[PDB]
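Trainee: need a structure here:
(chains A and B, ligands or ions: 19)
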There are 2 protein chains.
Amino acid sequence: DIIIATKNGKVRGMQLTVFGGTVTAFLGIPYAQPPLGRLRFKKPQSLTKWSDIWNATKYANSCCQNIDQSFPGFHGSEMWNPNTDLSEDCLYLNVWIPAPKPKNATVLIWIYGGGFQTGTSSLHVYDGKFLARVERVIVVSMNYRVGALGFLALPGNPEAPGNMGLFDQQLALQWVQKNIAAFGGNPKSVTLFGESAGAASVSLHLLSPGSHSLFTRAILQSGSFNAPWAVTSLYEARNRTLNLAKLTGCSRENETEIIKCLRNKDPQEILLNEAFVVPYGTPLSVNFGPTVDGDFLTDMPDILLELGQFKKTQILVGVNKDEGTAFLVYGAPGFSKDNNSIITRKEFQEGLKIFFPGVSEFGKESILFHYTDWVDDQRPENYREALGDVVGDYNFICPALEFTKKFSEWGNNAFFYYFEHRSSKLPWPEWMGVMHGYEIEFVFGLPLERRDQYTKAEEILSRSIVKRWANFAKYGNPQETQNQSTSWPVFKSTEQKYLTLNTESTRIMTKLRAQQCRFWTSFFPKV
Amino acid sequence: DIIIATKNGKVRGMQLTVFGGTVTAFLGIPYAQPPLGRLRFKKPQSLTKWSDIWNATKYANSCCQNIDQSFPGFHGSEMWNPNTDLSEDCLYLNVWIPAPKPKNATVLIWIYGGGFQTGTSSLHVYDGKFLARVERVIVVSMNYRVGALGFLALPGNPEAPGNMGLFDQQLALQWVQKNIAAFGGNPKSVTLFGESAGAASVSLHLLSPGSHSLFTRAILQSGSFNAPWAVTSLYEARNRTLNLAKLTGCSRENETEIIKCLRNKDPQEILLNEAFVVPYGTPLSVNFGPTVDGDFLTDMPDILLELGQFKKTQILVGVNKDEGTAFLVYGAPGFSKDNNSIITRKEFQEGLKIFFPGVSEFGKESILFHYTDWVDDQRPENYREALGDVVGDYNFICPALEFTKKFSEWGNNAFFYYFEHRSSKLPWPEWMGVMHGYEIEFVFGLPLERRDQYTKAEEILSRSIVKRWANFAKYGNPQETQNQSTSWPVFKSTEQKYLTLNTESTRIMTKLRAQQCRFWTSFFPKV
Ligand SMILES: *[C@@H]1O[C@H](CO[C@H]2O[C@@H](C)[C@@H](O)[C@@H](O)[C@@H]2O)[C@@H](O[C@@H]2O[C@H](CO)[C@@H](O)[C@H](O)[C@H]2NC(C)=O)[C@H](O)[C@H]1NC(C)=O
Ligand SMILES: *[C@@H]1O[C@H](CO[C@H]2O[C@@H](C)[C@@H](O)[C@@H](O)[C@@H]2O)[C@@H](O[C@@H]2O[C@H](CO)[C@@H](O)[C@H](O)[C@H]2NC(C)=O)[C@H](O)[C@H]1NC(C)=O
Ligand SMILES: *[C@H]1O[C@H](CO[C@H]2O[C@@H](C)[C@@H](O)[C@@H](O)[C@@H]2O)[C@@H](O[C@@H]2O[C@H](CO)[C@@H](O)[C@H](O)[C@H]2NC(C)=O)[C@H](O)[C@H]1NC(C)=O
Ligand SMILES: *[C@H]1O[C@H](CO[C@H]2O[C@@H](C)[C@@H](O)[C@@H](O)[C@@H]2O)[C@@H](O[C@@H]2O[C@H](CO)[C@@H](O)[C@H](O)[C@H]2NC(C)=O)[C@H](O)[C@H]1NC(C)=O
Ligand SMILES: *[C@@H]1O[C@H](CO)[C@@H](O)[C@H](O)[C@H]1NC(C)=O
Ligand SMILES: *[C@@H]1O[C@H](CO)[C@@H](O)[C@H](O)[C@H]1NC(C)=O
Ligand SMILES: *[C@@H]1O[C@H](CO)[C@@H](O)[C@H](O)[C@H]1NC(C)=O
Ligand SMILES: *[C@@H]1O[C@H](CO)[C@@H](O)[C@H](O)[C@H]1NC(C)=O
Ligand SMILES: *[C@@H]1O[C@H](CO)[C@@H](O)[C@H](O)[C@H]1NC(C)=O
Ligand SMILES: *[C@@H]1O[C@H](CO)[C@@H](O)[C@H](O)[C@H]1NC(C)=O
Ligand SMILES: *[C@@H]1O[C@H](CO)[C@@H](O)[C@H](O)[C@H]1NC(C)=O
Ligand SMILES: *[C@@H]1O[C@H](CO)[C@@H](O)[C@H](O)[C@H]1NC(C)=O
Ligand SMILES: [Cl-]
Ligand SMILES: [Cl-]
Ligand SMILES: [Cl-]
Ligand SMILES: [Cl-]
Ligand SMILES: [K+]
Ligand code: NA
Ligand code: NA
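Mentor: Numbers count the residues shown, from 1 in each chain, chains lettered A, B, ... in the order given. Ligands and ions are numbered 1, 2, ... in the order given. Next comes the structure:
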C-alpha cells in the first residue's frame, strides 16, 4: 500500500510489475477545480484540499473533444482516440515513480499533441511506467482542455481570455513544483517533452514568463509554435468565436452575454459546430488554438523568438522522415491507406488546393515549381511523394529547423534529430513511410517489452533513445556514453549538424532539407 | 581522312560517330620498341621512327597474361578478360580526340588495373570516345607489361631490375608530353586516372621523380600504393624470381645467367609457373608487382608519403561501397555467385584463413572480434556481409582514406568520394552490392548511350560524374556548377568530408569507416 501526502491531501497509488521490478503509478490525481458551469472557458482555478485518501488507481476522464471516425475498426487511427470517458471534468494528471521510491529523481512531464483539438494523457503509447522502471526517472502527464473549451478567445475578456488549455498545462507544472518532492522527485530538474501540438505547447512554455521557473529544459518532437498551424491571430480568433455564437444561437450585442449563452449550451452543441467556424479547413486545421492573449503570451511569438525573449536553457528538437503522409488520406484526392495512392499531376494540383486553401494561384504554382523538378526517371510515385513532402516540410520540418536555429543563436546548446525508422508493427501502408507520431512509442520504451513482437533491432533502438532522452533530462546532454555510440553534436547556426535515428547506423549529417526550407522560410511567407 | 605527324612518323586515325557528332580515334600507336628476345624483362627502349603512315585503326595486342577461367560464358567475369590477341609485342597506346580537332585540350591518361598481373586498354568499359565527345577532352590509354614479364625483379640487376611495367606507363606519359600537341592536346594539362592496380600505379607516379614533370594531376579509383597488395618487398621479390627459376629449370649460380635462361623460355612456361612462386596465395595475390628498385621508386613508399616526398598537386580519390564482395567467390568457402551465400561462423573463420594466410591465430581472432559484434537481430547474412567488409576495408577503403589523409596534410586539395550505386545491368547477384570495378563504366560515360538500357537516373548520374571528372582534370576542382548540385568540399585531416555518389541524393558525410579503419591502420599492422 503506497500512500503519499500532497499539499492538497493524501493520494493512494498502485504497484505495477514492469520487467522484473516494480513501478508505483498514481493515475488521475486532480490538479484544478473541475471547470464546469460558471468556470467553463475561464482559466483553471486552484484546488481546495480533500480530507481523506484520493484513490489514484485509474486513468481519469479525457477532456471533451471530437473523435476521428474516418477509419472505424482500424488500429492505425483508433489508437489515437481517447480511451477513457469524455467529460468537461478532466483536469487530472498521472505520476509514475520507480520503486523503491527515489531520492531526488529527475522529472519528465509529457504534453500530448492532437492539433489542440483532441488528445489525452491515458493513451497506451504515452504510458510512463517503462521510463520510470528503466531510467529511474519520475514521469508526469496531464489532461488539458482542447477545442473551443480549451482555446475559445474574446481577447482581453476574462470570461473567455484564450489559452485556457495552456494555463491548464501551466497549473499542472505548478502542481509538480509544489508536490513532486513528496514523491521523491527533484522540482529543480524537470524536463518538458511533447509531440506535435504538445511540442508546440512546450515551445510556448519557453516563451511564457509564468512558466519560466516551472521547468529546467525542453524536448520538442515534431512541432514548435512557429509552425503555420500553431498560433491563431487575434483577428481570426474573434472571427471564429463569433461564428461559433452564430451557429449556436448565441449571437448577442454584449460580448459577456455571448459567453454566458455559450456557457448554457451542452458540450455536444459546441463540439458539433467547431468544424464550421472557418469557411474552409484542411486536414491540419487548428480552429481553436493558442493566441496572443497578453497573459500567457505577451507578444507575437515570432517577435519574442527573433529578439531572444525566451528561457535560456538546452533544447532537444527533431522530426520524422515522412511527417506529411498521415494527413494525405484525410482528404487529398486519389490517396487511400488501402492502395499505393499513385496520383497524377492534376491530383497533385487538387491536393495543393486542399492543403493551401486561402493561398493565391501564384502561391500554389510556386509550390509545384519547387517540388516537381524530378531526379529523374518517370517514376509513377513522383507526385505522391512530392505531396507528402510539401505537407511535412511546410507544417513540421522547416518550422522545427528554423525554431532550433533561432533559439541556438542566443547562445544555448540545442540538439536536433531526424527519426527515420518505420516500426515493424505499423498498421498503415508502406507508402506512408516513417509517419508523424510513430517515434513516440520508441521514446516511451514500448519496444523494450519483448512480449510485444517488435524486432530485436527495435528493442536496441528504443533502449538507446530512452537513454539519450533521460541523459538529456538529467544532464542536458543527450549522449549514450557506454556503447561506442555516435556522439550527438550541438546544432549551431552555420554548421547545422543533426543526428539520424535508425536501427542500422546513426549518422551525423548537416543542413537537413536545406533547399526546401529556403523555399518555405524565405520565400513562401511573402506569397 | 585524318593523318597526324608525330615525332616518330605519321599516323592515320579513324572517324567514329558518337551522339550525333564525330570523334577521331587512333587505336594501337606504338610507343616503345617491342620488348622481345634480349629486351624481355628490361626497361622499354624508345622508338626509332617509321617512314610511311602507321595505320592506327584497330586495338593492338594485349600483353601476355593469365586469364580468368573461373566462370566461362559469364559476362560478369569475361568482360575483364582481354579482347585482343595476347603477345609480348604489346607496347601500344590509344588516343581519342574531339572533331573538329581541339585547340589546346586537357588530356586524361587512363591506367587499367588487374592486380599488376592482368588487364588491357582495349576493354569496352575503358572506351574513351564518350569522354572525348561529351567533354571535349583528349583521352589516352596504354598497354603496359604485367606479371613476371612486367615486374620480375632481381633488384639492382639491369637484366631484370623490376618495375618494367611502371616504366612502360612512364614512357607512354613521355610520348604524350612530346606528341600530344600535334593532336590538339595541352601537355601542360594532363591528368592520370586509373582503377585498382591502375590507381596504385597513378599513386606511384606521384612518388616517382622521373614522372614528376609528365602530368599535372591525379585521380585514384579504388586503389593506392599503401594498399597491402600493391608493393612487394625486396626479400619476397628475390624469393619469387628464384622460385620461378626453380620451377622452369632455370636455377643457375650466376644471376645474369638465370635471366638469360628465363629469356629462352616460351612465354607460356613463364605464365604457367607464376601462380606457384608463392607457398599460398589468396584471391588478391599480386605475385609480381612494384618493388623498391632505387630507380622508379627511390625508397619505401610509406616513408616518402609520411615525410611529404611526392608531387604537390590536387588529387581525387574514392572507393565503392562493396569493394570486397567480388573476391569472395574466388575461394572463400560457402560463397557462390549463384546463391545467396549465407555462411556460418565456421565458414567466416575458414574465409579469414583464405584471405590472411600468413597471419597469426591472434591476428585472425582480432579480425573476427572487430567485425562480429552485431547490431543486432540474428540476421542470417551477418557473417556473409562481415567477410565482404573485412576484405574491402583492409585491401581498398582504409588504405585509400589513409593515403588521402597523409597526402592532404602536406597542403594540397584532395577530394574523396564514396560510390554507392549498383548498376541496373550488373550480371553478378544482389548480395554482392556495389562491387569493385563497377564505377568505371559511369566514369567513361557508357550510360550516356540511351541505346544500352541503363535507366534514366543512371544516364544523369554518369553525366554528372563525367562533368566532375573533366572539371577536376581541367580546373583542379570536381564541381558540377550548373545544375544546383551539391558542392564537393575538400577532404582535410580533422574533418574528413567526402561526397557520396548515387542516383538518389548526393550527400556530404564525414569520417568514412572511422571505427574500422582505426583497427586496420593502427592496430592490424602490429599483428
Ligand atoms: C486508391 O483509392 C482511391 C480512394 O477511393 C477508393 O478506395 C479504394 C481502395 C476503393 O475502395 C474505391 O472504390 C474507393 O472509392 C481511389 O480514388 C477514388 O477513385 C474513384 C473511382 O475512380 C474516384 O471517382 C474517387 O473520387 C476517388 N476517391 C478519392 C477520395 O479521391 C484511387 O483511384 C485508388 N488508387 C489506385 C488504385 O491507385
Ligand atoms: C551456395 O553454393 C555453394 C557453392 O557450391 C555449389 O554451387 C551451387 C550453386 C551448387 O551448384 C552446388 O552443387 C555447388 O557445389 C555451396 O557450398 C558448397 O556446398 C557443398 C555441398 O554441401 C560443399 O560440400 C562444398 O564444399 C561447398 N563449396 C564451396 C566452394 O564452399 C553453398 O552451400 C550454397 N549455399 C547456399 C545454398 O546457401
Ligand atoms: C469569418 O467570418 C465569416 C463567417 O462566415 C461564416 O458564417 C459562419 C457562421 C460559418 O458557418 C462559416 O462556415 C461561414 O463561412 C467568413 O465569411 C465567409 O466568406 C465567404 C467567401 O470566402 C462567403 O462565401 C461567406 O460570407 C462566408 N462563407 C460561406 C462558406 O458561406 C469570413 O471568411 C471569415 N474570416 C476569415 C476567414 O478571416
Ligand atoms: C619462398 O621460398 C620458399 C620456396 O618454396 C617453394 O618452392 C618453389 C619453387 C614453389 O614451388 C613454392 O610453391 C614452394 O613453396 C618457401 O618455402 C616454403 O615454405 C613451406 C612452409 O610454409 C615449406 O612447406 C616449403 O619449404 C615451401 N612450401 C611448400 C608448399 O612446399 C618460402 O616460404 C618462401 N618465402 C617467403 C614466403 O617469404
Ligand atoms: C480507496 O481504496 C480502497 C480499495 O482498496 C477502499 O477501502 C476505499 O474505500 C477507496 N475509496 C473509494 C472507493 O472511494
Ligand atoms: C535535489 O538536488 C538539488 C539540485 O538539483 C538540491 O538543491 C536539493 O536540495 C536536492 N534534494 C534532496 C537530495 O533531497
Ligand atoms: C454587458 O453585460 C455584462 C454581464 O452582466 C455586464 O457586467 C457589463 O457591465 C455589460 N458591458 C457592456 C460593455 O455593456
Ligand atoms: C549497452 O549494451 C549492453 C550489452 O552489450 C545492452 O544490454 C544495453 O541494452 C545497452 N545500453 C544502452 C543504454 O543502449
Ligand atoms: C593504311 O591504310 C589504307 C587503307 O584505307 C591503305 O591504303 C594502306 O595500305 C594501309 N597500310 C597497310 C594495310 O599496311
Ligand atoms: C596551352 O595552354 C598553356 C597553359 O595551360 C600555354 O602555355 C600553351 O602555350 C597553350 N598552347 C596553345 C593555345 O596552342
Ligand atoms: C656472370 O655472367 C655474366 C653473363 O655473361 C657476366 O657478364 C658476369 O660478368 C658474371 N658475373 C659474376 C658476378 O660472376
Ligand atoms: C544539367 O541539366 C540539363 C537540363 O536541365 C541536362 O540536360 C544536363 O544533362 C545536365 N548537365 C550536367 C553536366 O549534369
Ligand atoms: Cl499545368
Ligand atoms: Cl555542409
Ligand atoms: Cl569460436
Ligand atoms: Cl564528424
Ligand atoms: K587489439
Ligand atoms: Na470508434
Ligand atoms: Na573465355
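
Trainee: what number of residues lie near residue A:388?
Mentor: 25 (other C-beta atoms under 10 Å in any protein chain shown). (Each C-beta comes from the backbone N, C-alpha and C, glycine too.)

Trainee: so what's it up against?
Mentor: A:322, A:324-325, A:328, A:432-433 (C-beta atoms under 8 Å, 6 or more residues apart in numbering or on different chains).

Trainee: Please name the two of the residues you listed that end up farthest apart in the structure.
Mentor: The largest separation in the contacts of residue A:388, counting by C-beta to C-beta, is between A:328 and A:433 at 11.3 Å.

Trainee: who's more crowded, these two?
Mentor: The residue with more neighbours, out of residue A:328 and residue A:433, is residue A:328; 27 against 21, by other C-beta under 10 Å.

Trainee: can you pull the alpha-carbon coordinates of stretch A:282-295 into CSV?
Mentor: This file holds the C-alpha atoms of stretch A:282-295, laid out as CSV (Å, rounded to 0.1, in the frame of the first residue of the first chain):
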residue,chain,number,x,y,z
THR,A,282,-7.7,21.4,-44.1
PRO,A,283,-6.6,18.1,-42.5
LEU,A,284,-4.3,20.2,-40.4
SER,A,285,-6.8,22.9,-39.3
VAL,A,286,-6.5,24.1,-35.8
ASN,A,287,-9.8,26.0,-35.4
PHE,A,288,-9.3,26.9,-31.6
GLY,A,289,-5.7,27.2,-30.6
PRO,A,290,-3.1,29.4,-28.8
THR,A,291,-3.5,33.2,-29.3
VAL,A,292,-1.6,36.3,-28.2
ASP,A,293,-3.6,36.9,-25.0
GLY,A,294,-1.3,39.5,-23.2
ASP,A,295,-1.1,37.0,-20.3
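
Trainee: Now do that stretch: distance to the chain's middle.
Mentor: Mean-position distance between stretch A:282-295 and its chain equals 14 Å (C-alpha atoms, centre = their mean, to the nearest Å).

Trainee: now the nearest residue in space to residue A:338 that is not next to it in sequence: how far from residue A:329?
Mentor: Among residues not flanking residue A:338 along the chain, residue A:429 sits closest, at 7.2 Å (C-beta to C-beta, 6 or more residues apart in numbering or on different chains). From residue A:429 over to residue A:329 the distance is 9 Å, taken as C-beta to C-beta, to the nearest Å.

Trainee: How about residue A:215?
Mentor: 36 Å.

Trainee: between the two, which one's more packed in?
Mentor: Set residue A:215 next to residue A:329 and count neighbours by other C-beta under 10 Å: residue A:215 wins out with 23 against 20.

Trainee: Contacts only, for the more buried one.
Mentor: Taking C-beta under 8 Å, 6+ apart as the criterion, residue A:215 is in contact with A:109, A:173, A:190-192, A:205.

Trainee: those strands in chain A, which residues are they?
Mentor: Ranges of strands in chain A, per DSSP state E, are A:3-6, A:9-12, A:14-18, A:21-30, A:53-55, A:92-98, A:105-111, A:138-142, A:185-195, A:217-221, A:315-320, A:414-419, A:497-501, A:508-510.

Trainee: Tell me the helices and strands packed up against the fourth one.
Mentor: Which is strand A:21-30. In terms of contacts (3 or more C-beta pairs under 8 Å, 6 or more residues apart in numbering or on different chains; DSSP states H and E), strand A:21-30 is packed against strand A:9-12, strand A:14-18, strand A:92-98, helix A:129-135.
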